[PDB]
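Participant: Provided herewith: structure02.csv, CSV, C-alpha atoms and all ligand atoms.
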```
chain,number,residue,atom,x,y,z
A,1,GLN,CA,31.6,-15.2,-20.3
A,2,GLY,CA,28.0,-15.8,-19.2
A,3,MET,CA,26.8,-16.0,-15.5
A,4,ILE,CA,23.4,-16.4,-14.0
A,5,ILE,CA,23.0,-15.7,-10.2
A,6,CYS,CA,19.9,-16.6,-8.3
A,7,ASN,CA,19.6,-15.3,-4.7
A,8,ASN,CA,17.1,-14.2,-2.0
A,9,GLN,CA,18.7,-10.8,-1.3
A,10,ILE,CA,20.2,-8.1,-3.5
A,11,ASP,CA,23.5,-6.9,-2.0
A,12,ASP,CA,24.8,-3.3,-2.3
A,13,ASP,CA,27.0,-3.9,-5.4
A,14,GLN,CA,24.2,-5.8,-7.1
A,15,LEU,CA,21.7,-3.0,-6.3
A,16,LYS,CA,24.0,-0.4,-7.9
A,17,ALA,CA,24.4,-2.6,-11.0
A,18,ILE,CA,20.6,-3.1,-11.2
A,19,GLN,CA,20.0,0.6,-10.8
A,20,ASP,CA,22.4,1.4,-13.6
A,21,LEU,CA,20.8,-1.1,-15.9
A,22,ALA,CA,17.3,0.3,-15.2
A,23,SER,CA,18.6,3.8,-15.9
A,24,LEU,CA,20.0,2.6,-19.3
A,25,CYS,CA,16.6,1.0,-20.0
A,26,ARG,CA,14.8,4.2,-18.9
A,27,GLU,CA,16.8,6.2,-21.4
A,28,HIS,CA,15.8,4.0,-24.3
A,29,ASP,CA,12.3,2.9,-23.3
A,30,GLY,CA,10.8,6.0,-21.6
A,31,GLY,CA,10.2,4.3,-18.3
A,32,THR,CA,10.8,1.0,-16.5
A,33,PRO,CA,9.0,-1.8,-14.7
A,34,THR,CA,8.1,-1.3,-11.1
A,35,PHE,CA,10.8,-2.6,-8.7
A,36,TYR,CA,10.2,-2.8,-5.0
A,37,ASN,CA,13.7,-1.9,-3.7
A,38,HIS,CA,12.7,-2.6,-0.1
A,39,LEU,CA,11.9,-6.2,-1.0
A,40,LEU,CA,15.0,-6.6,-3.2
A,41,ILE,CA,17.3,-5.9,-0.3
A,42,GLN,CA,15.3,-7.9,2.3
A,43,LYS,CA,16.3,-11.5,3.0
A,44,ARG,CA,13.3,-13.2,1.4
A,45,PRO,CA,12.1,-16.8,2.0
A,46,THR,CA,12.9,-18.0,-1.5
A,47,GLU,CA,15.5,-17.1,-4.2
A,48,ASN,CA,13.3,-14.6,-6.0
A,49,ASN,CA,16.1,-12.5,-7.8
A,50,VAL,CA,17.8,-13.6,-11.0
A,51,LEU,CA,20.9,-11.7,-12.4
A,52,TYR,CA,22.3,-12.3,-15.8
A,53,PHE,CA,25.9,-11.2,-16.6
A,54,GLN,CA,28.0,-11.4,-19.8
A,55,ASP,CA,31.7,-10.7,-19.7
A,56,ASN,CA,31.3,-9.1,-16.3
A,57,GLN,CA,28.4,-6.7,-17.3
A,58,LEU,CA,24.9,-7.0,-15.9
A,59,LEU,CA,22.7,-7.4,-19.0
A,60,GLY,CA,19.5,-8.8,-17.4
A,61,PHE,CA,17.6,-8.7,-14.1
A,62,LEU,CA,14.4,-10.4,-13.0
A,63,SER,CA,12.6,-10.4,-9.7
A,64,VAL,CA,9.3,-11.9,-8.6
A,65,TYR,CA,7.1,-10.7,-5.8
A,66,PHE,CA,4.5,-13.0,-4.2
A,67,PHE,CA,1.7,-10.5,-3.5
A,68,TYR,CA,-1.3,-12.8,-4.3
A,69,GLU,CA,-2.5,-16.3,-3.5
A,70,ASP,CA,-2.1,-17.8,-7.0
A,71,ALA,CA,-0.4,-15.0,-9.0
A,72,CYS,CA,2.8,-13.0,-8.7
A,73,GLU,CA,4.2,-9.8,-10.1
A,74,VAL,CA,7.4,-9.9,-12.2
A,75,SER,CA,9.8,-7.1,-12.9
A,76,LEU,CA,12.2,-7.9,-15.7
A,77,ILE,CA,14.7,-5.7,-17.7
A,78,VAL,CA,17.3,-6.6,-20.4
A,79,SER,CA,19.9,-4.1,-21.6
A,80,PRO,CA,18.7,-2.3,-24.8
A,81,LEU,CA,22.0,-3.2,-26.5
A,82,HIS,CA,21.4,-7.0,-26.1
A,83,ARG,CA,17.7,-7.6,-26.8
A,84,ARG,CA,16.1,-10.3,-28.9
A,85,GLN,CA,19.0,-12.7,-27.8
A,86,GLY,CA,16.9,-14.7,-25.5
A,87,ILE,CA,18.1,-13.2,-22.2
A,88,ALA,CA,14.5,-12.7,-20.9
A,89,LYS,CA,13.7,-16.3,-21.8
A,90,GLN,CA,16.8,-17.4,-19.8
A,91,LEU,CA,15.7,-15.3,-16.8
A,92,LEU,CA,12.1,-16.7,-16.9
A,93,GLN,CA,13.4,-20.2,-17.4
A,94,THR,CA,15.5,-19.9,-14.3
A,95,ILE,CA,12.7,-18.7,-12.0
A,96,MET,CA,10.2,-21.2,-13.4
A,97,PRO,CA,10.9,-24.0,-11.0
A,98,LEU,CA,10.1,-21.7,-8.1
A,99,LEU,CA,6.9,-20.4,-9.7
A,100,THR,CA,5.9,-24.1,-10.1
A,101,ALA,CA,6.8,-25.0,-6.5
A,102,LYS,CA,4.5,-22.1,-5.4
A,103,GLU,CA,1.7,-23.3,-7.9
A,104,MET,CA,1.4,-19.9,-9.5
A,105,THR,CA,-1.2,-19.9,-12.2
A,106,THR,CA,-1.0,-16.3,-13.6
A,107,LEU,CA,1.9,-13.8,-13.9
A,108,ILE,CA,1.5,-10.0,-13.8
A,109,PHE,CA,4.3,-8.0,-15.6
A,110,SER,CA,4.9,-4.3,-15.1
A,111,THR,CA,6.2,-2.6,-18.3
A,112,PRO,CA,7.1,0.8,-19.6
A,113,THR,CA,4.1,2.2,-21.5
A,114,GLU,CA,3.5,1.8,-25.3
A,115,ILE,CA,6.7,0.1,-26.5
A,116,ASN,CA,5.5,-3.4,-25.9
A,117,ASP,CA,1.7,-3.0,-26.5
A,118,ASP,CA,1.7,-4.6,-30.0
A,119,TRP,CA,3.3,-7.9,-29.1
A,120,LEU,CA,1.8,-8.2,-25.7
A,121,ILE,CA,-1.6,-8.1,-27.4
A,122,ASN,CA,-0.6,-10.6,-30.1
A,123,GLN,CA,0.7,-13.0,-27.4
A,124,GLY,CA,-2.5,-12.9,-25.4
A,125,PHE,CA,-1.5,-10.8,-22.4
A,126,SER,CA,-4.3,-8.7,-20.9
A,127,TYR,CA,-4.0,-5.0,-19.8
A,128,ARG,CA,-5.0,-4.6,-16.2
A,129,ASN,CA,-4.1,-1.1,-14.9
A,130,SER,CA,-1.3,1.5,-14.7
A,131,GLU,CA,0.7,3.1,-11.9
A,132,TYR,CA,2.1,6.6,-12.0
A,133,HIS,CA,5.1,7.1,-9.6
A,134,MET,CA,4.9,10.8,-8.9
A,135,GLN,CA,7.5,13.1,-7.3
A,136,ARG,CA,7.5,16.8,-6.3
A,137,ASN,CA,11.0,18.0,-6.3
A,138,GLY,CA,10.7,21.7,-6.0
A,139,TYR,CA,10.9,23.3,-2.6
A,140,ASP,CA,8.4,26.2,-3.2
A,141,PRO,CA,5.2,25.9,-1.1
A,142,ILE,CA,1.6,25.9,-2.2
A,143,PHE,CA,0.1,29.4,-1.7
A,144,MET,CA,-3.5,29.1,-0.4
A,145,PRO,CA,-5.0,32.5,0.4
A,146,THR,CA,-8.5,31.3,1.0
A,147,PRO,CA,-8.5,28.0,2.9
A,148,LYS,CA,-11.9,26.3,3.2
A,149,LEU,CA,-11.0,23.4,5.6
A,150,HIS,CA,-9.8,22.9,9.1
A,151,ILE,CA,-7.1,20.3,9.1
A,152,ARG,CA,-5.6,18.5,12.1
A,153,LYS,CA,-3.6,15.4,13.1
A,154,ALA,CA,-5.8,12.4,13.7
A,155,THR,CA,-5.7,10.6,17.0
A,156,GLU,CA,-6.8,7.2,18.4
A,157,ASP,CA,-10.1,8.8,19.2
A,158,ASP,CA,-10.8,9.4,15.4
A,159,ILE,CA,-10.6,5.7,14.4
A,160,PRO,CA,-14.3,5.4,13.6
A,161,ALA,CA,-14.2,8.4,11.2
A,162,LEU,CA,-11.0,7.0,9.6
A,163,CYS,CA,-12.6,3.7,9.0
A,164,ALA,CA,-15.8,5.4,7.6
A,165,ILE,CA,-13.7,7.3,5.1
A,166,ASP,CA,-11.7,4.2,4.1
A,167,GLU,CA,-14.9,2.2,3.6
A,168,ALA,CA,-16.4,4.8,1.4
A,169,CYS,CA,-13.3,5.5,-0.7
A,170,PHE,CA,-11.2,2.3,-0.9
A,171,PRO,CA,-13.3,-0.8,-1.5
A,172,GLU,CA,-10.2,-2.8,-2.4
A,173,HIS,CA,-9.0,-2.8,1.2
A,174,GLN,CA,-11.3,-4.5,3.8
A,176,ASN,CA,-9.6,-5.3,9.1
A,177,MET,CA,-8.8,-1.6,9.0
A,178,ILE,CA,-9.5,-1.1,12.7
A,179,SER,CA,-6.2,-2.9,13.5
A,180,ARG,CA,-4.4,-1.1,10.7
A,181,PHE,CA,-5.4,2.3,11.9
A,182,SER,CA,-4.5,1.4,15.5
A,183,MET,CA,-1.0,0.6,14.2
A,184,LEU,CA,-0.6,3.7,12.0
A,185,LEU,CA,-1.7,6.0,14.8
A,186,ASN,CA,0.8,4.6,17.3
A,187,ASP,CA,3.8,4.7,14.9
A,188,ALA,CA,6.0,7.8,15.0
A,189,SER,CA,6.8,7.4,11.2
A,190,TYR,CA,3.2,8.1,10.2
A,191,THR,CA,1.0,11.2,10.4
A,192,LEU,CA,-2.7,10.9,9.5
A,193,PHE,CA,-4.4,14.3,8.8
A,194,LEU,CA,-8.2,14.8,9.0
A,195,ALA,CA,-10.0,17.5,7.1
A,196,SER,CA,-13.2,19.1,8.5
A,197,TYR,CA,-15.7,21.7,7.1
A,198,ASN,CA,-18.3,23.3,9.2
A,199,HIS,CA,-17.2,21.0,12.0
A,200,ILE,CA,-17.9,17.8,9.9
A,201,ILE,CA,-15.1,15.4,9.0
A,202,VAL,CA,-14.9,15.2,5.2
A,203,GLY,CA,-11.7,13.3,4.4
A,204,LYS,CA,-8.1,12.3,5.4
A,205,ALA,CA,-4.6,11.8,4.1
A,206,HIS,CA,-1.5,9.9,5.3
A,207,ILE,CA,2.1,10.9,5.3
A,208,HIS,CA,4.9,8.3,5.8
A,209,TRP,CA,8.1,9.9,7.0
A,210,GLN,CA,11.4,8.5,6.0
A,211,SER,CA,14.9,9.9,6.7
A,212,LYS,CA,15.0,12.1,3.5
A,213,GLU,CA,11.5,11.6,1.9
A,214,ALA,CA,7.9,12.0,2.6
A,215,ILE,CA,5.4,9.7,1.0
A,216,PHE,CA,1.7,10.6,0.7
A,217,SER,CA,-1.0,8.0,0.4
A,218,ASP,CA,-4.6,7.0,1.2
A,219,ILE,CA,-5.9,10.5,0.4
A,220,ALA,CA,-9.7,10.4,0.5
A,221,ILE,CA,-12.8,12.6,0.5
A,222,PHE,CA,-16.3,11.1,1.0
A,223,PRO,CA,-18.0,10.8,-2.5
A,224,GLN,CA,-20.8,13.2,-1.5
A,225,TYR,CA,-18.2,15.8,-0.7
A,226,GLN,CA,-15.9,15.3,-3.7
A,227,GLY,CA,-15.4,17.8,-6.6
A,228,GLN,CA,-15.4,20.9,-4.5
A,229,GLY,CA,-11.6,21.3,-4.2
A,230,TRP,CA,-11.3,19.8,-0.7
A,231,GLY,CA,-9.1,17.0,-1.8
A,232,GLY,CA,-6.7,19.4,-3.5
A,233,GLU,CA,-6.7,21.7,-0.4
A,234,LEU,CA,-5.9,18.7,1.9
A,235,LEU,CA,-3.0,17.6,-0.4
A,236,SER,CA,-1.8,21.2,-0.5
A,237,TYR,CA,-1.7,21.3,3.3
A,238,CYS,CA,0.2,18.0,3.4
A,239,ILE,CA,2.8,19.3,0.9
A,240,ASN,CA,3.4,22.4,3.0
A,241,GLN,CA,3.8,20.2,6.2
A,242,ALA,CA,6.4,18.1,4.5
A,243,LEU,CA,8.2,21.2,3.3
A,244,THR,CA,8.5,22.6,6.8
A,245,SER,CA,9.8,19.2,7.9
A,246,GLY,CA,12.9,19.2,5.8
A,247,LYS,CA,12.3,16.3,3.5
A,248,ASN,CA,13.9,17.0,0.1
A,249,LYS,CA,11.7,14.6,-1.9
A,250,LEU,CA,7.9,14.2,-1.8
A,251,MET,CA,6.5,11.1,-3.5
A,252,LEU,CA,3.2,9.4,-4.1
A,253,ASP,CA,1.9,6.6,-6.4
A,254,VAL,CA,-1.4,6.7,-8.3
A,255,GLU,CA,-3.0,3.5,-9.6
A,256,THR,CA,-5.5,4.4,-12.3
A,257,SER,CA,-6.5,3.3,-15.8
A,258,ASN,CA,-7.1,6.9,-17.0
A,259,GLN,CA,-4.7,9.8,-16.9
A,260,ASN,CA,-7.4,12.2,-15.8
A,261,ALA,CA,-6.9,11.3,-12.2
A,262,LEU,CA,-3.5,12.9,-12.4
A,263,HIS,CA,-4.8,16.5,-12.7
A,264,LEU,CA,-5.2,16.7,-8.9
A,265,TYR,CA,-1.5,16.0,-8.3
A,266,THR,CA,0.1,17.7,-11.3
A,267,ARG,CA,-1.7,21.0,-10.5
A,268,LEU,CA,0.2,21.0,-7.2
A,269,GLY,CA,3.6,20.3,-8.8
A,270,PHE,CA,3.9,16.5,-8.9
A,271,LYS,CA,5.4,15.1,-12.0
A,272,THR,CA,5.5,11.6,-13.5
A,273,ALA,CA,8.9,10.1,-12.5
A,274,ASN,CA,7.9,6.7,-13.9
A,275,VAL,CA,4.7,5.1,-15.4
A,276,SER,CA,4.3,1.3,-15.5
A,277,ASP,CA,1.4,-0.6,-17.1
A,278,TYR,CA,0.5,-4.0,-15.7
A,279,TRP,CA,-0.4,-6.9,-18.0
A,280,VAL,CA,-1.5,-10.4,-16.9
A,281,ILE,CA,-1.0,-13.8,-18.5
A,282,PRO,CA,-1.8,-17.4,-17.5
A,283,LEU,CA,1.5,-19.1,-16.8
A,284,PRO,CA,0.8,-22.2,-19.1
A,285,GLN,CA,0.2,-19.8,-22.0
A,286,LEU,CA,3.5,-18.0,-21.5
A,287,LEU,CA,5.3,-21.3,-21.4
A,288,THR,CA,4.1,-22.2,-25.0
A,289,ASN,CA,4.5,-18.7,-26.5
A,290,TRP,CA,8.1,-18.5,-25.4
A,291,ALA,CA,8.8,-22.3,-25.8
B,301,LIG,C1,6.3,-10.4,-20.7
B,301,LIG,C2,7.3,-9.4,-20.6
B,301,LIG,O1,8.4,-9.7,-20.8
B,301,LIG,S1,6.9,-7.9,-20.1
B,301,LIG,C3,8.4,-7.1,-20.1
B,301,LIG,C4,8.5,-5.9,-19.3
B,301,LIG,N1,9.8,-5.3,-19.3
B,301,LIG,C5,10.2,-4.3,-20.1
B,301,LIG,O2,9.5,-3.9,-20.9
B,301,LIG,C6,11.6,-3.8,-19.9
B,301,LIG,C7,12.1,-3.3,-21.2
B,301,LIG,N2,12.2,-4.3,-22.2
B,301,LIG,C8,13.1,-5.3,-22.0
B,301,LIG,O3,13.9,-5.2,-21.2
B,301,LIG,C9,13.0,-6.4,-23.0
B,301,LIG,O4,12.8,-5.8,-24.3
B,301,LIG,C10,12.1,-7.6,-22.7
B,301,LIG,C11,12.5,-7.7,-21.3
B,301,LIG,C12,10.8,-7.0,-23.1
B,301,LIG,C13,12.6,-8.6,-23.6
B,301,LIG,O5,13.9,-9.1,-23.3
B,301,LIG,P1,14.6,-10.0,-24.4
B,301,LIG,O6,15.8,-10.4,-23.9
B,301,LIG,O7,14.8,-9.1,-25.6
B,301,LIG,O8,13.6,-11.0,-24.9
B,301,LIG,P2,13.8,-12.4,-25.5
B,301,LIG,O9,14.8,-12.3,-26.5
B,301,LIG,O10,14.0,-13.4,-24.5
B,301,LIG,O11,12.5,-12.7,-26.2
B,301,LIG,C14,11.5,-13.4,-25.7
B,301,LIG,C15,10.3,-13.2,-26.6
B,301,LIG,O12,9.7,-12.0,-26.3
B,301,LIG,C16,9.1,-11.5,-27.4
B,301,LIG,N3,9.6,-10.2,-27.7
B,301,LIG,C17,10.6,-9.6,-27.0
B,301,LIG,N4,10.9,-8.4,-27.5
B,301,LIG,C18,10.1,-8.2,-28.5
B,301,LIG,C19,9.8,-7.1,-29.5
B,301,LIG,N5,10.5,-6.0,-29.4
B,301,LIG,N6,8.9,-7.3,-30.3
B,301,LIG,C20,8.2,-8.4,-30.4
B,301,LIG,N7,8.4,-9.4,-29.6
B,301,LIG,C21,9.3,-9.4,-28.6
B,301,LIG,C22,9.3,-12.5,-28.5
B,301,LIG,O13,8.2,-13.4,-28.3
B,301,LIG,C23,10.5,-13.2,-28.0
B,301,LIG,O14,10.6,-14.4,-28.6
B,301,LIG,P3,11.1,-14.6,-30.1
B,301,LIG,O15,12.3,-13.9,-30.2
B,301,LIG,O16,11.1,-16.1,-30.0
B,301,LIG,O17,10.0,-14.0,-30.9
B,302,LIG,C1,-1.7,9.1,-3.7
B,302,LIG,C2,-3.1,8.6,-3.4
B,302,LIG,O1,-3.6,8.8,-2.4
B,302,LIG,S1,-3.9,7.6,-4.5
B,302,LIG,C3,-5.4,7.4,-3.7
B,302,LIG,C4,-6.4,8.4,-4.2
B,302,LIG,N1,-7.7,8.3,-3.5
B,302,LIG,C5,-8.7,7.6,-3.9
B,302,LIG,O2,-8.7,7.0,-5.0
B,302,LIG,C6,-9.9,7.4,-3.1
B,302,LIG,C7,-11.1,7.9,-3.8
B,302,LIG,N2,-11.0,9.3,-4.3
B,302,LIG,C8,-11.2,10.3,-3.5
B,302,LIG,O3,-11.4,10.2,-2.3
B,302,LIG,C9,-11.3,11.7,-4.2
B,302,LIG,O4,-11.7,11.5,-5.6
B,302,LIG,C10,-10.0,12.4,-4.1
B,302,LIG,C11,-9.5,12.3,-2.7
B,302,LIG,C12,-9.0,11.6,-5.0
B,302,LIG,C13,-10.1,13.8,-4.6
B,302,LIG,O5,-11.1,14.5,-3.8
B,302,LIG,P1,-11.8,15.8,-4.4
B,302,LIG,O6,-12.2,16.6,-3.2
B,302,LIG,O7,-12.8,15.4,-5.4
B,302,LIG,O8,-10.6,16.6,-5.1
B,302,LIG,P2,-10.9,18.0,-5.8
B,302,LIG,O9,-12.3,18.4,-5.6
B,302,LIG,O10,-9.8,18.9,-5.4
B,302,LIG,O11,-10.7,17.6,-7.4
B,302,LIG,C14,-10.9,16.3,-7.9
B,302,LIG,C15,-9.9,15.9,-8.9
B,302,LIG,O12,-9.3,14.7,-8.6
B,302,LIG,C16,-9.6,13.7,-9.6
B,302,LIG,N3,-10.5,12.7,-9.1
B,302,LIG,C17,-11.8,12.8,-9.0
B,302,LIG,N4,-12.4,11.7,-8.5
B,302,LIG,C18,-11.4,10.8,-8.3
B,302,LIG,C19,-11.4,9.4,-7.8
B,302,LIG,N5,-12.5,8.7,-7.5
B,302,LIG,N6,-10.1,8.8,-7.8
B,302,LIG,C20,-9.0,9.5,-8.1
B,302,LIG,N7,-9.0,10.7,-8.6
B,302,LIG,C21,-10.2,11.4,-8.7
B,302,LIG,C22,-10.2,14.4,-10.8
B,302,LIG,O13,-9.2,14.4,-11.9
B,302,LIG,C23,-10.5,15.8,-10.3
B,302,LIG,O14,-10.0,16.9,-11.2
B,302,LIG,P3,-11.0,17.7,-12.1
B,302,LIG,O15,-11.2,19.0,-11.3
B,302,LIG,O16,-10.2,17.9,-13.3
B,302,LIG,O17,-12.2,16.9,-12.2
```
Could you render the structure from this file as structure tokens?

Facilitator:
Amino acid sequence: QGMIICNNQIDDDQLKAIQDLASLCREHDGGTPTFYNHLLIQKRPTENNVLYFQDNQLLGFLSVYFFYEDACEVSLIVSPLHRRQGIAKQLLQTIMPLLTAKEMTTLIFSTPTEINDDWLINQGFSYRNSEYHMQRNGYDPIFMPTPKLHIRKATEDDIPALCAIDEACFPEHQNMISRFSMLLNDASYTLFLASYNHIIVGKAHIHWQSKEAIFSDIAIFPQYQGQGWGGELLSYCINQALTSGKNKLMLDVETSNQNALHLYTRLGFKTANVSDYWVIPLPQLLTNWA
């Protein structure tokens, strides 16, 4: 009649039940929390997943991801048909001993936008940022009659330029020599470099999977931005992926203002999911939820 499972690895039947519950939530809520499926199905060091069943139906799911030194990210969903019955409190109560054993001090929850804003505010959660999970599902290419840039695959010889771009455009990173040495020697990644008048102006990364292409780390030096070069470089990458037979092109954009999306949506990407991220000190959550 009620069952709580805690494990360190989602199996195939559980993943399908979680995916169906997330789809039911998406239909009512307009979006979902961010789940990291590749971590769900890995054998993780601790029992980070919590499943709640009632009469053989999955009604709640929580997972925690230990991304930071003293904080973790939590993805939590409860069936729309069974809310305000304390299922999320049960899920959180179940994972709490582990959060304590890891001495977590703050929790970061991903949430669909808008529907929770009023009570998250009133309970002292703090809005941090948003993430737009974007997909381009058409197969039609970008028509570019007047290309301005020369674009080629980056090689090991380009690592100083790649690092220079990264330093100028991604302050939140900081040991990129080793990383680029790994990316440039891995058949599943293609790094593209953009040049204008024989000067390197920016770069973009494609990660190839069996059926998808993922774009990331797109960057143009600040002094060179706002001329259309970033859009042309992304257009080039789209057209490469289309000739490679992937039927899904994806990318994620972390931003606190929607204006950043214009670059991607003008080239056919659409918002497959949006999550906001909200942070709370753990002792505070304990008291507000008992
Ligand atoms: C901190 C977070 O939980 S962020 C959640 C992010 N996830 C999502 O938004 C996914 C979609 N939403 C859901 O799945 C759910 O509505 C959750 C997961 C938000 C709540 O699941 P539930 O099982 O309904 O929550 P539960 O019944 O345990 O309530 C716990 C407390 O949360 C608060 N709460 C939950 N839903 C609401 C709501 N709609 N309005 C106001 N407060 C709410 C209340 O404090 C509630 O305690 P109370 O009933 O004592 O006031
Ligand atoms: C999927 C991902 O790669 S997310 C990572 C995105 N990259 C970064 O945030 C690194 C810093 N940003 C940059 O390097 C550049 O701003 C880029 C690569 C995002 C765009 O380069 P640009 O040559 O300026 O692109 P372009 O000239 O075609 O147009 C800029 C558009 O991108 C958006 N944009 C501008 N600056 C930024 C920025 N710092 N971060 C994100 N988006 C931006 C704007 O909405 C703008 O559209 P507008 O014409 O309505 O103003």

Participant: So what do you get for atom CA of residue A:266 versus atom CA of residue A:141, distance-wise?

Facilitator: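 Calculated distance between atom CA of residue A:266 and atom CA of residue A:141 is 14.0 Å.
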
Participant: Counting all atoms listed in the file, find residues at most 10 Å from (4.7, -12.1, -11.5) (file frame) and give them as a ChimeraX atom specification.

Facilitator: /A:62-68,70-76,99,104-110,279-281,283

Participant: Could you tell me how far atom CA of residue A:125 sits from atom CA of residue A:77, in Å to one decimal place?

Facilitator: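 A separation of 17.6 Å between them.
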
Participant: Using all atoms listed in the file, find each protein or nucleic acid residue lying at most 8 Å from ligand LIG 302 (chain B); present the set as number ranges by chain.

Facilitator: A: 169-170, 203, 205, 216-223, 225-233, 252-256, 260-265

Participant: Out of A:85, A:288, A:112, A:47, which residue has the shortest atom-to-atom distance to residue A:132 when counting only C-alpha atoms?

Facilitator: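 Ranking A:85, A:288, A:112, A:47 by distance to residue A:132, first place goes to A:112.
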
Participant: Using all atoms listed in the file, determine which residues lie at most 8 Å from residue A:91, disregarding the query and same-chain residues fewer than 5 positions distant; provide the list as a PyMOL selection string.

Facilitator: chain A and resi 50-52+60-62

Participant: Could you save the residues just selected, with C-alpha atoms, as a PDB file, in the coordinates of the input?

Facilitator:
```
ATOM      1  CA  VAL A  50      17.800 -13.600 -11.000  1.00  0.00           C
ATOM      2  CA  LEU A  51      20.900 -11.700 -12.400  1.00  0.00           C
ATOM      3  CA  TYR A  52      22.300 -12.300 -15.800  1.00  0.00           C
ATOM      4  CA  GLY A  60      19.500  -8.800 -17.400  1.00  0.00           C
ATOM      5  CA  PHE A  61      17.600  -8.700 -14.100  1.00  0.00           C
ATOM      6  CA  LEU A  62      14.400 -10.400 -13.000  1.00  0.00           C
TER       7      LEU A  62
END
```

Participant: Could you please extract the residues within 7 Å of ligand LIG 301 (chain B), counting all atoms listed in the file, and hand them back as a list in words?

Facilitator: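 My answer, listing the contacting residues, is residues 25, 29, 32, 33, 75, 76, 77, 78, 79, 80, 82, 83, 84, 85, 86, 87, 88, 89, 90, 109, 110, 111, 112, 116, 119, 289 and 290 of chain A.
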
Participant: Between A:201, A:149, A:98, A:275, which residue has the minimum interatomic distance to residue A:7, considering only C-alpha atoms?

Facilitator: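 The shortest atom-to-atom distance to residue A:7 comes from A:98.
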
Participant: Could you pull the residues within 10 Å of residue A:200, counting only C-alpha atoms, minus those fewer than 4 positions along the same chain, as a VMD selection string?

Facilitator: chain A and resid 149 to 150 195 to 196

Participant: Could you jot down the atom CA of residue A:57 to atom CA of residue A:95 separation for me, Å, one decimal place?

Facilitator: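 Computing the Euclidean distance for atom CA of residue A:57 and atom CA of residue A:95 yields 20.5 Å.
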
Participant: Taking 5 positions as the minimum chain separation for residues in the same chain, which residues sit within 6 Å of residue A:250 when counting only C-alpha atoms? Answer as a list in words.

Facilitator: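 Returned residues: residues 135, 136, 213, 214 and 215 of chain A.
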
Participant: Go through A:273, A:41, A:235, A:194 and flag the residue nearest residue A:131, using all atoms listed in the file for the distances.

Facilitator: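 Counting all atoms listed in the file, the residue closest to residue A:131 is A:273.
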
Participant: Go through A:184, A:164, A:134, A:178 and flag the residue nearest residue A:249, using all atoms listed in the file for the distances.

Facilitator: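 For residue A:249, the nearest of the candidates is A:134.
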
Participant: Of the candidates A:18, A:147, A:171, A:207, which one gets nearest to residue A:188 if we count all atoms listed in the file?

Facilitator: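 Closest residue, counting all atoms listed in the file: A:207.
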
Participant: Nearest residue to residue A:248 out of A:140, A:22, A:121, A:103, using all atoms listed in the file?

Facilitator: A:140

Participant: Start from the incomplete input, build N, CA, C and O atoms for stretch 181-189 of chain A, and deliver everything as a JSON list (two decimals), keeping the file's coordinate frame.

Facilitator:
```
[["chain", "number", "residue", "atom", "x", "y", "z"],
["A", 181, "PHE", "N", -5.42, 0.96, 11.46],
["A", 181, "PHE", "CA", -5.40, 2.30, 11.90],
["A", 181, "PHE", "C", -4.83, 2.41, 13.34],
["A", 181, "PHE", "O", -4.08, 3.35, 13.66],
["A", 182, "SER", "N", -5.12, 1.43, 14.15],
["A", 182, "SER", "CA", -4.50, 1.40, 15.50],
["A", 182, "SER", "C", -2.97, 1.32, 15.38],
["A", 182, "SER", "O", -2.27, 1.90, 16.24],
["A", 183, "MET", "N", -2.44, 0.65, 14.35],
["A", 183, "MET", "CA", -1.00, 0.60, 14.20],
["A", 183, "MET", "C", -0.45, 1.88, 13.66],
["A", 183, "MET", "O", 0.49, 2.46, 14.24],
["A", 184, "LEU", "N", -1.10, 2.43, 12.61],
["A", 184, "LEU", "CA", -0.60, 3.70, 12.00],
["A", 184, "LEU", "C", -0.61, 4.84, 13.05],
["A", 184, "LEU", "O", 0.30, 5.68, 13.05],
["A", 185, "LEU", "N", -1.63, 4.89, 13.91],
["A", 185, "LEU", "CA", -1.70, 6.00, 14.80],
["A", 185, "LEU", "C", -0.83, 5.92, 16.02],
["A", 185, "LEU", "O", -0.73, 6.89, 16.77],
["A", 186, "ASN", "N", -0.17, 4.79, 16.21],
["A", 186, "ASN", "CA", 0.80, 4.60, 17.30],
["A", 186, "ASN", "C", 2.18, 4.42, 16.74],
["A", 186, "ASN", "O", 3.05, 3.86, 17.38],
["A", 187, "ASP", "N", 2.47, 4.95, 15.53],
["A", 187, "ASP", "CA", 3.80, 4.70, 14.90],
["A", 187, "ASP", "C", 4.30, 6.11, 14.55],
["A", 187, "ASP", "O", 3.66, 6.81, 13.77],
["A", 188, "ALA", "N", 5.44, 6.49, 15.15],
["A", 188, "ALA", "CA", 6.00, 7.80, 15.00],
["A", 188, "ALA", "C", 6.29, 8.15, 13.50],
["A", 188, "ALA", "O", 6.43, 9.33, 13.14],
["A", 189, "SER", "N", 6.40, 7.14, 12.64],
["A", 189, "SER", "CA", 6.80, 7.40, 11.20],
["A", 189, "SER", "C", 5.56, 7.74, 10.38],
["A", 189, "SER", "O", 5.74, 7.96, 9.18]]
```
